[PDB]
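Chemist: Sequence first, structure after; it's an experimental one.
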Amino acid sequence: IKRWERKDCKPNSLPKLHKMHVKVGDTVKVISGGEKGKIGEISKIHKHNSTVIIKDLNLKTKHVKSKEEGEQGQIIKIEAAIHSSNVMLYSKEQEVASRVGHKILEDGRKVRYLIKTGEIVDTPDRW
Amino acid sequence: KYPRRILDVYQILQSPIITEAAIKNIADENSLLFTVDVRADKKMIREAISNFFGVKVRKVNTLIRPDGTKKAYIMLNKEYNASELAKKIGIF
Amino acid sequence: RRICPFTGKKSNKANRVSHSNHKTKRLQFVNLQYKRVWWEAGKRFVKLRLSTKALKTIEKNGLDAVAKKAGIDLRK
Amino acid sequence: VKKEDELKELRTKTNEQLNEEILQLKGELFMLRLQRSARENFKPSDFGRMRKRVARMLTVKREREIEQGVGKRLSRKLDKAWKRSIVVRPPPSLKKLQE
Amino acid sequence: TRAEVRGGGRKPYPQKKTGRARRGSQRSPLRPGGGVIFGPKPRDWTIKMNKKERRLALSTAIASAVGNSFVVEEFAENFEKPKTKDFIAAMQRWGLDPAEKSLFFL
RNA sequence: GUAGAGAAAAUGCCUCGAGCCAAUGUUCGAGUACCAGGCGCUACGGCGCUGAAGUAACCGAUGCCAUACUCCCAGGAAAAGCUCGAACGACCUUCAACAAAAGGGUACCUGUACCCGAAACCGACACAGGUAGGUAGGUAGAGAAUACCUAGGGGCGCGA
RNA sequence: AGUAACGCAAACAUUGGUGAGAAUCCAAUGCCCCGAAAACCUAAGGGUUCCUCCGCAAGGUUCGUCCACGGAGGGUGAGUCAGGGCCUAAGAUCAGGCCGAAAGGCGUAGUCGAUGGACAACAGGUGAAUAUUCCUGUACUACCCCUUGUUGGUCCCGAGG
RNA sequence: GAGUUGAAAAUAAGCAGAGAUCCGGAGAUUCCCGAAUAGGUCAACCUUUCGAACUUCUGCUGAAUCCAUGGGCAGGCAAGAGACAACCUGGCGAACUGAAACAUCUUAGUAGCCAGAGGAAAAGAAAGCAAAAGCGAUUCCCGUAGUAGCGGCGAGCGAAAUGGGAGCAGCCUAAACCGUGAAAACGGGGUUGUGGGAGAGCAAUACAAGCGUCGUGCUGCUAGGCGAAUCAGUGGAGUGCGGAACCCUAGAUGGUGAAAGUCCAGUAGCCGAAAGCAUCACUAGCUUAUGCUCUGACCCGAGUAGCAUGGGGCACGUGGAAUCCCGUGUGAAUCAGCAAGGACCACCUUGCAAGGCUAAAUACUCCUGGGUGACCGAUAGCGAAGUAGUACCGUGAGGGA
Ligand SMILES: [Mg+2]
Ligand SMILES: [Mg+2]
Ligand SMILES: [Mg+2]
Ligand SMILES: [Mg+2]
Ligand SMILES: [Mg+2]
Ligand SMILES: [Mg+2]
Ligand SMILES: [Mg+2]
Ligand SMILES: [Mg+2]
Ligand SMILES: [Mg+2]
Ligand SMILES: [Mg+2]
Ligand SMILES: [Mg+2]
Ligand SMILES: [Mg+2]
Ligand SMILES: [Mg+2]
Ligand SMILES: [Mg+2]
Ligand SMILES: [Mg+2]
Ligand SMILES: [Mg+2]
Ligand SMILES: [Mg+2]
Ligand SMILES: [Mg+2]
Ligand SMILES: [Mg+2]
Ligand SMILES: [Mg+2]
Ligand SMILES: [Mg+2]
Ligand SMILES: [Mg+2]
Ligand SMILES: [Mg+2]
Ligand SMILES: [Mg+2]
Ligand SMILES: [Mg+2]
Ligand SMILES: [Mg+2]
Ligand SMILES: [Mg+2]
Ligand SMILES: [Mg+2]
Ligand SMILES: [Mg+2]
Ligand SMILES: [Mg+2]
Ligand SMILES: [Mg+2]
Ligand SMILES: [Mg+2]
Ligand SMILES: [Mg+2]
Ligand SMILES: [Mg+2]
Ligand SMILES: [Mg+2]
Ligand SMILES: [Mg+2]
Ligand SMILES: [Mg+2]
Ligand SMILES: [Mg+2]
Ligand SMILES: [Mg+2]
Ligand SMILES: [Mg+2]
Ligand SMILES: [Mg+2]
Ligand SMILES: [Mg+2]
Ligand SMILES: [Mg+2]
Ligand SMILES: [Mg+2]
Ligand SMILES: [Mg+2]
Ligand SMILES: [Mg+2]
Ligand SMILES: [Mg+2]
Ligand SMILES: [Mg+2]
Ligand SMILES: [Mg+2]
Ligand SMILES: [Mg+2]
Ligand SMILES: [Mg+2]
Ligand SMILES: [Mg+2]
Ligand SMILES: [Mg+2]
Ligand SMILES: [Mg+2]
Ligand SMILES: [Mg+2]
Ligand SMILES: [Mg+2]
């Protein structure tokens, strides 16, 4: 790792965090990149660099070495991360990706919606 | 009536030592090994073991490591047995 | 110290001027004196140090007025 | 969940119940320090569970003295005198285990 | 400068009995990390120019742009609220291009 | 023991007292402990049994008796512990305090490794150097010189 | 210039073993050196170099399987040894006090301050690295308890030492 | 407002829409050294009767010595101590240098040392400038002006008034007298310069000015939220290219595999504070507070001014040398008076010393937030873009990659 690319830290020894527009499990669509025009659910989030990992997208062959002497290694295919600005939320019942908005409901809970279509994303009790 | 210094009595004993020599010392001398605070004393350690496990202490010997960490040899009376007390803790 | 406790008098910077206008530093000290001064109230002397210019003040205004202006009690 | 109820119970107890309860923890931490050395089955979260539960008690004990009007200089004297008259005892976990 | 740079002051080695070029301070301009000879400082670049020259320079400039200029009527009442879209449409109807530069003096 | 400002001390007076001084030595400590050697085992490390004799004479210290004695001029620390004892003053008290023998019980902090006539300190070096003090064997010898040896440690960090 | 030198003229030698690899590491035998030291303790100082396992990039004036090097883990046990909890010299500080543009200087008791005084332990054994420190045996110092007696003591103060 | 237990992955266990982690306000704890302050000490340790030492404050007790002083005892989160880049004030106070030497002179009241204090400090409410006309506290800038002058008349040093701007604020005491007290002293009274107070006698004295502690709101700061507009192709990646659209009170920035108004965070604009701070407004109610005659009687800050002598500093080097400030020694006057107006006298004008406080304009950056660079881009830029004042050197100060 390169010494200067470490995540910048606040005076309280904690890292400086970014604001995102995604969550774990949300279905999205890649805007640009090598995996352009594909859909998948987000598995993990990396707030310190605004990168996200989607299942079965942006994978690379890793040559795992044989830590044990009794056997040899293998060539595993591991998933990598993508910058969140290169993806967009996606809806299945319309097949149209759009940006994100925010609207208050009658109950008083703030939620986000798709601007073009108009559905709600963060339905309650999903984790 | 006063002690020498004032601090947490429950911090006087951090943890025991687990070495082939320490375990060898339990059976030969009826002793026990314990890492202790730098500000500790033989009196507080003698009073300490008397209260935790309810056993008598024949003698206490101590030393300070080069790293600034104090060690404590604790020889119990022959009436009790350090090996029996060792199994109560979990270490042999 | 060479300070007069009563009047605050002290020495000053002064140069010794030669015929060639050469100037070396010096200090014009104060004419301080150790003396026993009478105090009419308690009817006793007091040991202290003051300048001759301050003696004329006590001789004129009286001791109780001078020492009060300086801000000192005679009883120590 | 263990934040509104934990503090509420302690704010109702008297000082003596709070005092003696701390002595149980300080000795109970010692058993956890033993299990850490023996590599037995111990929960690392118990170190934080108990260490934080002491601070909540000394926190409330201080606040009750603010009501009485105690200063910082005086409170430290009473804290030391309480440690001068301290006496170690076995924890409950040793009594349930010692047989 | 060599006086403002940190360090220096001491003579590193004596003037003679050493087979090397003389030296006065390590923080000299002829060594790295040393002073700067006649380097820049915070300057007041302001100069003076007569008013009638500056006014004449301004008049003759506008008198040259007559072939590429014109006049319009007031339009303050036609904008009841700010809207860049209508403002651009007005320039298109007046014969302008928003891509190029322009100037409204009022 | 006694007199005087006067307990002790000091000074003066009176009186008892042939014995005293201490390195060494005797005995216990001191056991078949330690020990040569022997009997068996082996992964050769030591282990396990066994284990005799354990005295005298001569030489003789720079060490002990020893601030023992003699001589000399340059005339050779202080305080506390310890011991004796009245008054004045202060604190405390019928044991809760002082004092005597035996027995029993209890027992603070730090240093402790390793090098130290040196490769580890001091000399910029794994430098032909400097570094207070203690222990002081055998033959020849006046001798801690010198030569050859013991214990023990070394053959000097490029070689042919 | 692949030149000078590789740090004394106490001296190495063989066999066998280890290993990818040995004049250089280990052992054995023999030879030779120091032996008022080139021996064993120890003060100051250094500050983990000490012990075991692994490794050989760099460091070693060659080599290297080795090392005061590198990595990992472990290691220093005291009522009696040394110092402090007792005393004081040289000397340094100094309550008040005296002096002095300032800082501060002089200075009394007092207090610090071992290079001194005072104060209680030895033998043997155990052994990866410590022991007058741990174990065995036999002693010592201080305090307390116990048993009688005494029943005013403890500091200050005086004197001896 | 959804994932987290630092940098910093991994491991082992937890917390979390019953709202964690995180972000702000007010609080708690805060080991040892260090002003260090229970005593001692070779800083981060020791001994301890367990104590904020000493000075100050509040009490008690009451040496020589009657009152007192000095001690002694106790109380008291108990005022002060120390630290702090530069600027500022005060005290001590250089030399190289320049004069082509050098002593008068200059460098210079600079540097540095010590002490003190604030966000500014200091100065400051005419015993003043001025000149026959007038100004009306202090400070700063322009300008007067490198002028008038000073000067071994050498080097060199260097004003002020008038004028133009920034910024504007004026107040409290001593004394006469009246009461209270043995005195000291307390209260009232009074505070000014074409002279004013006291004193008496008349009046009518003080509502509208300046203050303003309970607290109540206004506006900002200390966490945040809402927030418009794009698709495909270009063979590592498209923000670029070509082509076709859109928003704009938003084309400020940064990031995104490659340069973005329309991908992300955001910006314009709008909304938002329990608690704390600040700027304003309001509010107690005590509050400082308004004028005409009579008097040349009583007061106008004393060892002071002034003089003699020895010096300093004022642009001004003793010069005709005033004005201002000190050591020694002498030593006035009280409005019918005193000082100043560049020796001094006379006349006139101006002003009222010897008591004190006071905001703004001004100077500085170890720092904080925002913004901008014809500033540097690893020999540069802060010495330092990595465990830099580290490694290393030195007994140490200190030097220093
Ligand atoms: Mg020890
Ligand atoms: Mg001069
Ligand atoms: Mg310089
Ligand atoms: Mg210099
Ligand atoms: Mg530079
Ligand atoms: Mg007698
Ligand atoms: Mg040892
Ligand atoms: Mg040793
Ligand atoms: Mg030696
Ligand atoms: Mg040597
Ligand atoms: Mg050398
Ligand atoms: Mg011999
Ligand atoms: Mg010899
Ligand atoms: Mg020989
Ligand atoms: Mg050799
Ligand atoms: Mg060598
Ligand atoms: Mg050699
Ligand atoms: Mg040649
Ligand atoms: Mg040759
Ligand atoms: Mg050579
Ligand atoms: Mg050669
Ligand atoms: Mg020889
Ligand atoms: Mg070794
Ligand atoms: Mg190598
Ligand atoms: Mg080599
Ligand atoms: Mg090593
Ligand atoms: Mg001893
Ligand atoms: Mg003093
Ligand atoms: Mg003295
Ligand atoms: Mg002493
Ligand atoms: Mg000694
Ligand atoms: Mg001792
Ligand atoms: Mg050893
Ligand atoms: Mg202290
Ligand atoms: Mg001190
Ligand atoms: Mg305070
Ligand atoms: Mg201070
Ligand atoms: Mg000069
Ligand atoms: Mg010259
Ligand atoms: Mg010249
Ligand atoms: Mg300040
Ligand atoms: Mg301000
Ligand atoms: Mg200001
Ligand atoms: Mg001021
Ligand atoms: Mg002032
Ligand atoms: Mg009055
Ligand atoms: Mg947007
Ligand atoms: Mg595109
Ligand atoms: Mg905004
Ligand atoms: Mg006046
Ligand atoms: Mg003059
Ligand atoms: Mg005059
Ligand atoms: Mg005139
Ligand atoms: Mg005037
Ligand atoms: Mg640089
Ligand atoms: Mg480059």
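Modeler: Yep, that arrived. Numbering: from 1, shown residues only, chains lettered A, B, ... in the order given. Ligands and ions are numbered 1, 2, ... in the order given.
Chemist: Can you show me the helices along chain B?
Modeler: Remark: helices assigned in chain B by DSSP state H are B:20-29, B:42-52, B:82-89.
Chemist: For RNA strand F, what is the nearest residue in chain C?
Modeler: RNA strand F sits closest to residue C:76 of chain C, with a gap of 28.0 Å, by Cβ to the nearest atom of the strand. Placement of C-beta: from N, CA and C, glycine included.
Chemist: Show the contacting residues for that residue.
Modeler: Applying Cβ atoms under 8 Å, 6 or more residues apart in numbering or on different chains to residue C:76 gives no contacts.
Chemist: you'd agree it is in a helix?
Modeler: No. Per DSSP: H, G, I helix; E, B strand; the rest coil, residue C:76 lies outside any helix segment and is coil.
Chemist: Could I get the contacting residues of the residue lying farthest from the centre of chain E?
Modeler: Centroid-distance maximum for chain E: residue E:17 at 53.5 Å, with Cα atoms, centre = their mean. Counting by Cβ under 8 Å, 6+ apart, residue E:17 touches no other residue.
Chemist: So it, which state does it fall into?
Modeler: coil.
Chemist: Nearest the middle, which residue of chain E would you pick?
Modeler: Centroid check for chain E by Cα atoms, centre = their mean gives residue E:45 as the closest residue, at 10.0 Å.
Chemist: quick one: what helix or strand has that residue in it?
Modeler: Under DSSP states H and E, no helix or strand contains residue E:45.
Chemist: do the same with residue A:61
Modeler: Using DSSP H and E, residue A:61 falls in strand A:59-64.
Chemist: who in chain B is up against RNA strand G?
Modeler: Within chain B, the positions adjacent to RNA strand G are B:17, B:19, B:21-22, B:25, B:29, B:31, B:58-59, B:61-63, B:65-66, B:71, B:73, B:75 by Cβ under 7 Å from any atom of the strand.
Chemist: Could you give me the PyMOL selection string for whichever of those residues are buried?
Modeler: PyMOL command restricting the residues of chain B next to RNA strand G to the buried ones, with burial defined by 16 or more other Cβ atoms under 10 Å in any protein chain shown:
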select buried, chain B and resi 17+22+25+31+73+75
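Chemist: Return only those of the residues of chain B next to RNA strand G found close to RNA strand F.
Modeler: The subset of these lying close to RNA strand F, counting by Cβ under 7 Å from any atom of the strand, consists of B:59, B:62, B:63.
Chemist: Give me the contacts around stretch A:118-125.
Modeler: For stretch A:118-125, the external contacting residues (Cβ under 8 Å, 6+ apart) are A:23, A:26, A:89, A:91, A:93, A:94, A:100, A:109, A:111, A:112, A:113, A:114.
Chemist: what's the burial count for the closest residue to RNA strand H within chain D?
Modeler: Ranked by Cβ to the nearest atom of the strand, the top residue of chain D for proximity to RNA strand H is residue D:71, at 2.5 Å. Residues lying near residue D:71 (other Cβ atoms under 10 Å in any protein chain shown) number 9.
Chemist: Check the secondary structure at the residue nearest the centre of chain A for me.
Modeler: In chain A, the C-alpha nearest the mean C-alpha coordinate belongs to residue A:52, at 2.9 Å (Cα atoms, centre = their mean). Following three-state DSSP, the label given to residue A:52 is strand.
Chemist: I'd say it and residue A:46 touch.
Modeler: Yes. With contact defined as Cβ atoms under 8 Å, residue A:52 reaches residue A:46; the gap is 6.9 Å.
Chemist: which neighbours do those two share?
Modeler: The contact sets of residue A:52 and residue A:46 overlap at residue A:81 (Cβ under 8 Å, 6+ apart).
Chemist: give the contact list for the most centrally placed residue in chain C.
Modeler: Nearest to the geometric centre of chain C sits residue C:51, at 2.8 Å (Cα atoms, centre = their mean). With contact taken as Cβ under 8 Å, 6+ apart, residue C:51 is in contact with C:4, C:6, C:7, C:9, C:30, C:31, C:32, C:33.
Chemist: Next: residue D:65.
Modeler: Residue D:65 makes contact with residue D:75, according to Cβ under 8 Å, 6+ apart.
Chemist: Would you mind identifying the next helix or strand past the host helix or strand of it?
Modeler: Assigned by DSSP H and E, residue D:65 belongs to helix D:45-68. Downstream of helix D:45-68, the next assigned helix or strand under DSSP H and E is helix D:72-84.
Chemist: starting at the chain centroid, how far to the helix or strand that that next one is followed by?
Modeler: Downstream of helix D:72-84, the first helix or strand assigned by DSSP H and E is helix D:92-98. Between the centre of helix D:92-98 and the centre of its chain there are 18 Å (Cα atoms, centre = their mean, to the nearest Å).
Chemist: Against which helices or strands is helix D:92-98 packed?
Modeler: With contacts defined as 3 or more Cβ pairs under 8 Å, 6 or more residues apart in numbering or on different chains; DSSP states H and E, helix D:92-98 has these neighbours: helix D:15-38.
Chemist: and the helix it packs on with chain B, contact?
Modeler: Yes. Counting by Cβ under 8 Å from any Cβ of the partner chain, chain B is contacted by helix D:15-38 at D:26, D:27, D:29, D:30, D:33, D:34, D:35, D:36, D:37, D:38.
Chemist: Return the residues in contact with the residue lying closest to residue B:19 once chain neighbours are set aside.
Modeler: Distances taken as Cβ to Cβ, 6 or more residues apart in numbering or on different chains place residue B:33 nearest to residue B:19, at 7.7 Å, with adjacent residues excluded. Neighbouring residues of residue B:33 by Cβ under 8 Å, 6+ apart: B:16, B:17, B:19, B:22, B:25, B:71, B:72, B:73, B:74.
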